[PDB]
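Asker: model.pdb is the file, holding PDB, C-alpha atoms (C1' of nucleotides) and all ligand atoms:
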ATOM      1  CA  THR K   1      88.904  61.112  38.505  1.00  0.00           C
ATOM      2  CA  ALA K   2      85.530  59.954  39.949  1.00  0.00           C
ATOM      3  CA  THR K   3      86.020  59.325  43.709  1.00  0.00           C
ATOM      4  CA  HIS K   4      82.476  60.021  45.105  1.00  0.00           C
ATOM      5  CA  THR K   5      80.515  56.732  45.109  1.00  0.00           C
ATOM      6  CA  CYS K   6      76.771  56.275  45.649  1.00  0.00           C
ATOM      7  CA  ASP K   7      76.378  53.542  48.227  1.00  0.00           C
ATOM      8  CA  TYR K   8      72.671  52.889  47.456  1.00  0.00           C
ATOM      9  CA  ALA K   9      71.625  49.233  47.010  1.00  0.00           C
ATOM     10  CA  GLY K  10      72.733  47.899  43.580  1.00  0.00           C
ATOM     11  CA  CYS K  11      73.866  51.324  42.260  1.00  0.00           C
ATOM     12  CA  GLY K  12      77.641  51.995  42.479  1.00  0.00           C
ATOM     13  CA  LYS K  13      77.486  55.147  40.282  1.00  0.00           C
ATOM     14  CA  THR K  14      80.538  57.373  40.954  1.00  0.00           C
ATOM     15  CA  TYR K  15      80.918  61.148  40.550  1.00  0.00           C
ATOM     16  CA  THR K  16      83.798  63.611  40.162  1.00  0.00           C
ATOM     17  CA  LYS K  17      82.100  66.058  42.580  1.00  0.00           C
ATOM     18  CA  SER K  18      80.371  65.719  45.984  1.00  0.00           C
ATOM     19  CA  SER K  19      77.852  68.119  44.381  1.00  0.00           C
ATOM     20  CA  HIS K  20      76.847  65.547  41.784  1.00  0.00           C
ATOM     21  CA  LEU K  21      76.729  62.511  44.163  1.00  0.00           C
ATOM     22  CA  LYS K  22      74.536  64.548  46.564  1.00  0.00           C
ATOM     23  CA  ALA K  23      71.919  65.299  43.847  1.00  0.00           C
ATOM     24  CA  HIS K  24      72.147  61.764  42.493  1.00  0.00           C
ATOM     25  CA  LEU K  25      71.372  60.355  45.987  1.00  0.00           C
ATOM     26  CA  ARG K  26      68.073  62.327  45.921  1.00  0.00           C
ATOM     27  CA  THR K  27      66.811  60.184  42.979  1.00  0.00           C
ATOM     28  CA  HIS K  28      66.836  56.993  45.090  1.00  0.00           C
ATOM     29  CA  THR K  29      63.311  57.534  46.396  1.00  0.00           C
ATOM     30  CA  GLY K  30      59.752  56.265  45.848  1.00  0.00           C
ATOM     31  CA  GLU K  31      58.235  53.274  44.083  1.00  0.00           C
ATOM     32  CA  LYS K  32      61.084  53.304  41.477  1.00  0.00           C
ATOM     33  CA  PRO K  33      64.405  54.532  42.951  1.00  0.00           C
ATOM     34  CA  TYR K  34      66.447  53.572  39.845  1.00  0.00           C
ATOM     35  CA  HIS K  35      66.227  56.519  37.467  1.00  0.00           C
ATOM     36  CA  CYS K  36      67.855  56.281  34.070  1.00  0.00           C
ATOM     37  CA  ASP K  37      70.230  59.211  33.788  1.00  0.00           C
ATOM     38  CA  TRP K  38      70.425  59.305  30.005  1.00  0.00           C
ATOM     39  CA  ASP K  39      69.646  62.747  28.695  1.00  0.00           C
ATOM     40  CA  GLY K  40      65.925  63.024  27.844  1.00  0.00           C
ATOM     41  CA  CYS K  41      64.990  59.405  28.602  1.00  0.00           C
ATOM     42  CA  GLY K  42      63.180  59.738  31.967  1.00  0.00           C
ATOM     43  CA  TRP K  43      62.586  56.015  32.569  1.00  0.00           C
ATOM     44  CA  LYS K  44      62.496  54.839  36.195  1.00  0.00           C
ATOM     45  CA  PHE K  45      62.665  51.315  37.668  1.00  0.00           C
ATOM     46  CA  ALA K  46      61.748  49.447  40.802  1.00  0.00           C
ATOM     47  CA  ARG K  47      64.840  47.203  40.503  1.00  0.00           C
ATOM     48  CA  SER K  48      68.531  47.854  39.678  1.00  0.00           C
ATOM     49  CA  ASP K  49      68.686  44.905  37.216  1.00  0.00           C
ATOM     50  CA  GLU K  50      65.830  46.485  35.230  1.00  0.00           C
ATOM     51  CA  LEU K  51      67.776  49.768  34.900  1.00  0.00           C
ATOM     52  CA  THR K  52      70.997  47.910  33.913  1.00  0.00           C
ATOM     53  CA  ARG K  53      69.128  45.962  31.241  1.00  0.00           C
ATOM     54  CA  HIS K  54      67.278  49.094  30.002  1.00  0.00           C
ATOM     55  CA  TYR K  55      70.469  51.200  29.823  1.00  0.00           C
ATOM     56  CA  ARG K  56      72.034  48.819  27.197  1.00  0.00           C
ATOM     57  CA  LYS K  57      69.405  50.224  24.783  1.00  0.00           C
ATOM     58  CA  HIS K  58      71.196  53.601  25.032  1.00  0.00           C
ATOM     59  CA  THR K  59      74.805  52.303  24.774  1.00  0.00           C
ATOM     60  CA  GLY K  60      74.163  49.433  22.312  1.00  0.00           C
ATOM     61  CA  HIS K  61      76.049  47.025  24.592  1.00  0.00           C
ATOM     62  CA  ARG K  62      75.350  43.523  23.240  1.00  0.00           C
ATOM     63  CA  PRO K  63      77.264  40.954  25.241  1.00  0.00           C
ATOM     64  CA  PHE K  64      75.129  37.930  24.181  1.00  0.00           C
ATOM     65  CA  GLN K  65      77.051  36.648  21.103  1.00  0.00           C
ATOM     66  CA  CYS K  66      75.471  34.053  18.809  1.00  0.00           C
ATOM     67  CA  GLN K  67      77.769  31.030  18.465  1.00  0.00           C
ATOM     68  CA  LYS K  68      76.395  30.228  14.934  1.00  0.00           C
ATOM     69  CA  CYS K  69      76.721  33.678  13.318  1.00  0.00           C
ATOM     70  CA  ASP K  70      78.105  37.178  13.915  1.00  0.00           C
ATOM     71  CA  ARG K  71      74.883  38.599  15.398  1.00  0.00           C
ATOM     72  CA  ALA K  72      74.846  39.745  19.047  1.00  0.00           C
ATOM     73  CA  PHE K  73      72.156  40.849  21.532  1.00  0.00           C
ATOM     74  CA  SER K  74      71.571  42.874  24.665  1.00  0.00           C
ATOM     75  CA  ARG K  75      69.638  40.053  26.423  1.00  0.00           C
ATOM     76  CA  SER K  76      69.794  36.273  26.786  1.00  0.00           C
ATOM     77  CA  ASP K  77      66.136  35.894  25.762  1.00  0.00           C
ATOM     78  CA  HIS K  78      66.674  37.822  22.547  1.00  0.00           C
ATOM     79  CA  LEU K  79      69.650  35.565  21.686  1.00  0.00           C
ATOM     80  CA  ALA K  80      67.512  32.453  22.428  1.00  0.00           C
ATOM     81  CA  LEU K  81      64.711  33.654  20.081  1.00  0.00           C
ATOM     82  CA  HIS K  82      67.346  34.457  17.387  1.00  0.00           C
ATOM     83  CA  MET K  83      68.837  30.960  17.649  1.00  0.00           C
ATOM     84  CA  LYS K  84      65.509  29.636  16.246  1.00  0.00           C
ATOM     85  CA  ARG K  85      66.582  31.081  12.891  1.00  0.00           C
ATOM     86  CA  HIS K  86      69.378  28.476  12.817  1.00  0.00           C
ATOM     87  CA  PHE K  87      66.825  25.601  12.948  1.00  0.00           C
TER      88      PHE K  87
ATOM     89  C1'  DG G   1      62.831  45.375  20.908  1.00  0.00           C
ATOM     90  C1'  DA G   2      61.719  46.492  25.195  1.00  0.00           C
ATOM     91  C1'  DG G   3      59.301  46.601  30.022  1.00  0.00           C
ATOM     92  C1'  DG G   4      57.441  43.711  34.226  1.00  0.00           C
ATOM     93  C1'  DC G   5      58.515  40.555  37.252  1.00  0.00           C
ATOM     94  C1'  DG G   6      58.712  35.546  39.528  1.00  0.00           C
ATOM     95  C1'  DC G   7      62.124  32.891  40.242  1.00  0.00           C
TER      96       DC G   7
ATOM     97  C1'  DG A   1      70.405  38.118  35.894  1.00  0.00           C
ATOM     98  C1'  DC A   2      67.516  34.366  33.306  1.00  0.00           C
ATOM     99  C1'  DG A   3      63.318  33.145  31.151  1.00  0.00           C
ATOM    100  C1'  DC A   4      58.800  33.871  30.364  1.00  0.00           C
ATOM    101  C1'  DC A   5      54.689  36.838  29.474  1.00  0.00           C
ATOM    102  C1'  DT A   6      53.128  40.932  27.487  1.00  0.00           C
ATOM    103  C1'  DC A   7      52.846  44.870  24.532  1.00  0.00           C
TER     104       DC A   7
HETATM  105 ZN    ZN K 101      72.967  55.716  43.358  1.00  0.00          ZN
HETATM  106 ZN    ZN K 102      67.014  55.430  29.736  1.00  0.00          ZN
HETATM  107 ZN    ZN K 103      73.054  33.491  14.964  1.00  0.00          ZN
END
Before anything else, please render the file you have as structure tokens.

Answerer:
Amino acid sequence: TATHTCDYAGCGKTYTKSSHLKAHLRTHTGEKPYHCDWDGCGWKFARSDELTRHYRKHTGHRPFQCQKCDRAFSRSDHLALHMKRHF
DNA sequence: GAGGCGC
DNA sequence: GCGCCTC
């Protein structure tokens, strides 16, 4: 369905319309060209990795699974601090 | 938990 | 993207 891809560095966001890709491309500007697109958020980042990491707060994606319990985290550093509970 | 950023 | 500071 989505065939219109942003080719900006580290982005890859795809759109169903040329209309939408066009207006998205306008956001890649300034000191922080990685704008979170979550409704009402408004955060902006200098680096793509920072946006990717941030955006898990909105989706609840938690790929860092504790091997000693059923808890999971959005970030490696959070998992590493958690693991101290198993000492 | 989440943002900044050196690596 | 991890790991460390910082808030
Ligand atoms: Zn883009
Ligand atoms: Zn956001
Ligand atoms: Zn655990």

Asker: Under the PyMOL selection byres (((chain G and resi 2) around 8) and not hetatm), which residues of this model are included? Write them out as a PyMOL selection string.

Answerer: (chain K and resi 54) or (chain G and resi 1+3)

Asker: Take the selection from the previous step and output its residues with C-alpha atoms (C1' of nucleotides), as an mmCIF file, in the coordinates of the input.

Answerer:
data_model
loop_
_atom_site.group_PDB
_atom_site.id
_atom_site.type_symbol
_atom_site.label_atom_id
_atom_site.label_comp_id
_atom_site.auth_asym_id
_atom_site.auth_seq_id
_atom_site.Cartn_x
_atom_site.Cartn_y
_atom_site.Cartn_z
ATOM 1 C CA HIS K 54 67.278 49.094 30.002
ATOM 2 C "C1'" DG G 1 62.831 45.375 20.908
ATOM 3 C "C1'" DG G 3 59.301 46.601 30.022
#

Asker: Taking only C-alpha atoms (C1' of nucleotides) and all ligand atoms into account, which residues have an atom no farther than 12 Å from ligand ZN 101 (chain K)? I'd like them as a list in words.

Answerer: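 Listed by chain and ascending number, the contacts are residues 4, 5, 6, 7, 8, 9, 10, 11, 12, 13, 14, 15, 20, 21, 22, 23, 24, 25, 26, 27, 28, 29, 33, 34, 35, 36, 37, 48 and 51 of chain K.
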
Asker: Atom CA of residue K:41 and atom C1' of residue A:3, how far apart in Å?

Answerer: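 Computing it gives 26.4 Å between the two atoms.
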
Asker: Up to 8 Å from chain A, what residues of chain K turn up? Count only C-alpha atoms (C1' of nucleotides) and give them as JSON, numbers by chain.

Answerer: {"K": [49, 76, 77]}

Asker: Give as number ranges by chain the residues surrounding ligand ZN 103 (chain K) up to a distance of 9 Å, considering all atoms listed in the file.

Answerer: K: 65-72, 79, 82-86

Asker: Rounded to one decimal in Å, what is the spacing between atom CA of residue K:64 and atom CA of residue K:52?

Answerer: 14.5 Å

Asker: Determine, for each residue of chain K having at least one atom at most 9 Å from an atom of chain G, the closest pair of atoms and their separation in Å to one decimal, counting only C-alpha atoms (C1' of nucleotides); order by chain and ascending number, as JSON lines.

Answerer:
{"residue": "K:50", "atom": "CA", "partner": "G:3", "partner_atom": "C1'", "distance": 8.4}
{"residue": "K:54", "atom": "CA", "partner": "G:2", "partner_atom": "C1'", "distance": 7.8}
{"residue": "K:57", "atom": "CA", "partner": "G:2", "partner_atom": "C1'", "distance": 8.6}
{"residue": "K:78", "atom": "CA", "partner": "G:1", "partner_atom": "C1'", "distance": 8.6}

Asker: If you measure from atom CA of residue K:45 to atom CA of residue K:30, what distance in Å do you get, rounded to one decimal?

Answerer: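 If I compute the distance from atom CA of residue K:45 to atom CA of residue K:30, I get 10.0 Å.
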
Asker: Given all atoms listed in the file as the basis, pick out the residue of K:16, K:46, K:53, K:31 nearest to ligand ZN 102 (chain K).

Answerer: K:53

Asker: Go through K:32, K:75, K:62, K:44 and flag the residue nearest ligand ZN 102 (chain K), using all atoms listed in the file for the distances.

Answerer: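 Looking at the shortest contact to ligand ZN 102 (chain K), the residue is K:44.
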
Asker: From the set K:73, K:81, K:63, K:56, which residue has the shortest atom-to-atom contact distance to ligand ZN 102 (chain K), counting all atoms listed in the file?

Answerer: K:56
